[PDB]
Amino acid sequence: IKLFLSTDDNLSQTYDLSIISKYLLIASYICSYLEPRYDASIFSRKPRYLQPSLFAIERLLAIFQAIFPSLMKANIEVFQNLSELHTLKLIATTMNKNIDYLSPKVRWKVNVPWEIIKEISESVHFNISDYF
Amino acid sequence: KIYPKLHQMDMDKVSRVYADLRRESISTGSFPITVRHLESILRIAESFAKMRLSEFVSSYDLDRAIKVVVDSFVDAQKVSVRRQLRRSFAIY
Amino acid sequence: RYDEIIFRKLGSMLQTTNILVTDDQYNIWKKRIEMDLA
Amino acid sequence: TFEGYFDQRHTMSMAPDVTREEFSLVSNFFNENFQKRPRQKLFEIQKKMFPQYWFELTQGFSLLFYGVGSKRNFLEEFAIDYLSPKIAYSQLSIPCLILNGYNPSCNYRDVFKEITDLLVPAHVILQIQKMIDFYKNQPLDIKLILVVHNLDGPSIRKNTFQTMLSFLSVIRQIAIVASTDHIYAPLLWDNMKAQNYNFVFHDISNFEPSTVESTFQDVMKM
């Protein structure tokens with residue numbers, strides 16, 4: 001019965017990431033699906049099915065700082081994890097030839113679906129579901 | 001019959017809570033925390049004492065009063081700020 | 001002090017590590033104890 | 001704070017135009033005259049780290065120099081006057097390779113030609129693999145010193161050039177010193193690249209004007 005209940009055509013903790021990497025991914029998913037209008041409204045003390053939009057590096061860093069549990073700031077480890085995310089095909093770019101991250105015309109977008117980020121947030125105990 | 005009286009033994013424990021609430025309400029849409037809300041802590045502490053029929057306001061009554069007022073203030077903020085104020089008032 | 005600050009900022013091994021008591025502090029302690037010792 | 005990011009018809013023709021020749025004069029005068037003695041004193045003090053830099057390089061720790069201000073002259077003085085002669089006179093003349101990342105006209109194949117000539121006895125990664133397999137049996141003696149200014153250089157920024165430089169540091173008989181100016185420079189390198197690079201990070205900010213690097217971009221476009 002168990003052989004028929006599953007197709008088993010599948011090729012087979014789904015993504016081993018550092019805490020910095022997990023929070024970076026959480027912030028990137030917010031950036032790629034939340035309007036720029038609501039950033040100051042939500043994070044400052046003053047949609048599930050569409051394709052993701054682009055975002056700038058500063059928006060990602062600011063949201064990461066706002067959601068990271070006194071400031072975490074940006075060290076070499078943060079950017080190293082961010083580059084690992086790109087190398088792992090978790091974050092996409094707007095370029096295909098002669099990759100140069102420092103070119104001021106390249107934007108970022110999320111390649112990770114909802115079903116994985118849900119479990120990442122569950123493992124982080126961060127309530128994304130209340131931000132939408 | 002029961003009319004508990006107050007003592008100034010725990011003036012700091014109330015004053016610092018009032019200052020903390022006012023500081024956290026300085027730049028967020030929240031309750032209009034004023035002196036009238038400070039009086040609520042004292043009156044609800046008196047009500048807690050009047051359950052024991054004690055003639056004096058004790059430290060435990062003030063502790064429960066501060067707990068109730070601070071929890072009521074915190075549970076009304078927005079989601080993004082609620083999880084921060086959860087830890088900002090961990091003392092109480 | 002200026003030299004110690006720039007050494008600390010530069011991450012140099014020439015800067016002393018504050019695990020042991022400083023020479024000045026221990027010297028003052030020794031002098032203050034010894035002044036009343038005899 | 002981060003809240004400073006969330007809480008945020010004139011033209012340049014209204015300003016008096018300055019020619020390139022006029023631009024050069026004031027720049028040179030204020031570079032040479034203003035803040036001369038304190039910056040020179042800071043440089044002289046910073047020279048005290050030469051033994052530590054030498055020891056780190058001999059242990060195999062690559063040096064990345066960063067901070068505000070030009071770093072070409074510092075690296076030139078170090079590599080020419082302290083590093084290369086002392087290695088020769090303590091191992092018993094060491095050739096030094098200087099790469100100008102601030103030049104957009106560079107080519108990685110041209111640099112690899114010099115590297116192969118200076119290192120290989122008589123598809124770049126395929127030859128780098130042969131170099132790695134060869135230098136395993138060689139004694140752990142520094143034979144070539146590599147200086148790469150501006151690891152954030154326009155053509156240098158490209159992933160292929162960074163990959164080529166990363167596989168170089170596997171060989172212990174090669175000394176690598178690099179410098180960067182961009183604030184987001186660590187974004188270029190991932191864990192594999194960081195592992196191969198083996199940089200020890202030193203801030204050497206000196207507020208030194210970038211006279212040489214300013215030649216490759218025209219200020220008149222501003």
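Does the range B:75-89 contain any residue that is within 12 Å of the chain's Cα centre (by Cα) and of a type in the set (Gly, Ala, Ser)?
Checking the range B:75-89: not a single residue is within 12 Å of the chain's Cα centre (by Cα) and of a type in the set (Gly, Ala, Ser).
Name the single residue, out of those in the range A:1-31 being part of a loop (DSSP other than H, G, I, E, B) and small (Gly, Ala, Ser), that is farthest from A:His86 (Cα to Cα).
A:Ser6
Inside the range A:46-61, can you point out the residues that are within 11 Å of chain D (Cβ to nearest Cβ) and farther than 21 Å from A:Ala74 by Cα?
Within the range A:46-61, just A:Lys46 meets the criteria.
Which of the residues that make up the range A:1-55 are surrounded by 11 or more Cβ atoms within 10 Å (Cβ to Cβ) and among the hydroxyl-bearing types (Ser, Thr, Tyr)?
Within the range A:1-55, A:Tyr15, A:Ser18, A:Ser21, A:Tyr23, A:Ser28, A:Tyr29, A:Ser32, A:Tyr33, A:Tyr38, A:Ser41, A:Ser44, A:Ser53 meet the criteria.
If you take the residues of the range D:125-166 that are farther than 30 Å from A:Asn96 by Cβ and part of a helix (DSSP H, G or I), which of them is farthest from the other protein chains (Cβ to nearest Cβ)?
That would be D:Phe134.
Sort through B:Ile66, B:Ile44, B:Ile33 and tell me the only one that's away from chain A (no Cβ under 14 Å), within 30 Å of A:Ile67 (Cβ to Cβ), in a helix (DSSP H, G or I) and β-branched (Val, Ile, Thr).
B:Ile66
Checking the structure you have, find out if any residue of the range A:65-77 is of a type in the set (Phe, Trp, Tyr) and either at the interface with chain D (Cβ under 9 Å from one of its Cβ atoms) or in a loop (DSSP other than H, G, I, E, B) (or both).
yes
Scan (1) more than 8 Å from chain D (Cβ to nearest Cβ); (2) closer than 25 Å to B:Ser80 by Cα for the single condition A:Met95 breaks and write down its number.
A:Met95 satisfies all of (1) more than 8 Å from chain D (Cβ to nearest Cβ); (2) closer than 25 Å to B:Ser80 by Cα except (2).
Going by what's in this entry, would A:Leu85 be described as part of a loop (DSSP other than H, G, I, E, B) and at negative phi?
Criteria not met by A:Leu85.
Quickly run through the range A:77-87 and pick out the residues that are loosely packed, with under 15 Cβ neighbours inside 10 Å and either closer than 20 Å to A:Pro113 by Cβ or among the hydrophobic types (A, V, I, L, M, F, W, C) (or both).
The one that is loosely packed, with under 15 Cβ neighbours inside 10 Å and either closer than 20 Å to A:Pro113 by Cβ or among the hydrophobic types (A, V, I, L, M, F, W, C) (or both): A:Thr87.
Return the only residue of D:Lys71, D:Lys41 being away from chain A (no Cβ under 14 Å), of a type in the set (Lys, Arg) and within 26 Å of D:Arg172 (Cα to Cα).
D:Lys71
So for the range D:197-214 (the condition being loosely packed, with under 13 Cβ neighbours inside 10 Å and away from chain A (no Cβ under 14 Å)), does at least one residue qualify?
Taking every residue of the range D:197-214 in turn, at least one turns out to be loosely packed, with under 13 Cβ neighbours inside 10 Å and away from chain A (no Cβ under 14 Å).
If a residue has to be surrounded by fewer than 15 Cβ atoms within 10 Å (Cβ to Cβ) and either in contact with a strand residue (DSSP E or B) (Cβ under 6 Å, 6 or more places away or on another chain) or not β-branched (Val, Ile, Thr) (or both) to count, how many in the range A:112-130 make the cut?
The number of residues fulfilling the criteria is 11.
Could you tell me whether the range B:17-26 includes any residue that is loosely packed, with under 11 Cβ neighbours inside 10 Å and within 14 Å of chain A (Cβ to nearest Cβ)?
Scanning the range B:17-26, I find at least one residue that is loosely packed, with under 11 Cβ neighbours inside 10 Å and within 14 Å of chain A (Cβ to nearest Cβ), so the answer is yes.
Take the conditions part of a loop (DSSP other than H, G, I, E, B), surrounded by 13 or more Cβ atoms within 10 Å (Cβ to Cβ) and in contact with a strand residue (DSSP E or B) (Cβ under 8 Å, 6 or more places away or on another chain) and apply them to D:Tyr53. Does it pass?
When the stated conditions are applied, D:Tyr53 does not pass them.
Of the residues that make up the range D:81-94, is at least one within 14 Å of chain A (Cβ to nearest Cβ) and surrounded by 18 or more Cβ atoms within 10 Å (Cβ to Cβ)?
Checked against the condition, which is being within 14 Å of chain A (Cβ to nearest Cβ) and surrounded by 18 or more Cβ atoms within 10 Å (Cβ to Cβ), the range D:81-94 yields no hits at all.
Determine whether the range D:187-194 contains at least one residue that is surrounded by fewer than 18 Cβ atoms within 10 Å (Cβ to Cβ) and either among the aromatic types (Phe, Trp, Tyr) or more than 14 Å from chain A (Cβ to nearest Cβ) (or both).
no
Of the residues that sit in the range B:74-92 and are in a helix (DSSP H, G or I) and not basic (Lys, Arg), which one is farthest from the other protein chains (Cβ to nearest Cβ)?
Filtering the range B:74-92 for residues that are in a helix (DSSP H, G or I) and not basic (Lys, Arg), the one farthest from the other protein chains (Cβ to nearest Cβ) comes out as B:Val74.
Backbone-built Cβ (ideal geometry, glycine too); neighbour counts: all protein chains shown. Readers should treat all values here as calculations from the given coordinates under stated rules, not as data from a laboratory.
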